[PDB]
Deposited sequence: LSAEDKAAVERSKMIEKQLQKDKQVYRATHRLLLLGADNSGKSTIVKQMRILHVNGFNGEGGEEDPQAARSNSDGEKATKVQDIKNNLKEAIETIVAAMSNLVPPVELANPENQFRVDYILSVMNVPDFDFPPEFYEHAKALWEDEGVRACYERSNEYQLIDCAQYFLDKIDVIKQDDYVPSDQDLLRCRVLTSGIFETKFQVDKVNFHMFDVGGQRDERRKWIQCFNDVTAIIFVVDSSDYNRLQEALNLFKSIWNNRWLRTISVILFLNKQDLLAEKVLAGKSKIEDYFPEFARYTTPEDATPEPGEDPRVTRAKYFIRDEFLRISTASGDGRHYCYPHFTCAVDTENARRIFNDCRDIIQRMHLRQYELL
């Protein structure tokens, strides 16, 4: 090994030291993919990146919004994120089936089969206003709503009309049915009712990511 070869080796070692320093911060950061629609309202919740540090833990959420309507190719880049945040407009019954289809495709994709999904049902105030209005009917778009009953484990807010609770929990169970139909436990769905003036969404994401990683650690240690 000539002197220049040794110097090149030393430069390579310096590069490796820098790489290790970068590896620390890379492992300390959790990446989230933000998915939704035009009317979902995910902007309140061409890549729109944001960073927040709830409880000293760093989170980095991405919103891909500069592509065409076909997403079967570029969505494979996000096979290693901690969680996917799916935002739906709960008050829009016309677009509900499109959201359900997108959720099913995400859940059953070969490369996205291990990613847990945090489900945000965004416009709950609009949902309550539409349900109490009585003009629009859920059974028009979802015929099975007529045979649906409120779950025994439902926890409605005091003062909330039982009709609003039934519609809310039916819409939630629509996604939960897809989530529980496959995946055999490698990944989970965390549904949350949201609002345009909600200030606790970061805490919900923090708790969901904590649960996801704890479940992953339990699974990898043969503790289920």
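The deposited sequence has C-alpha coordinates everywhere except the stretch 46-194.
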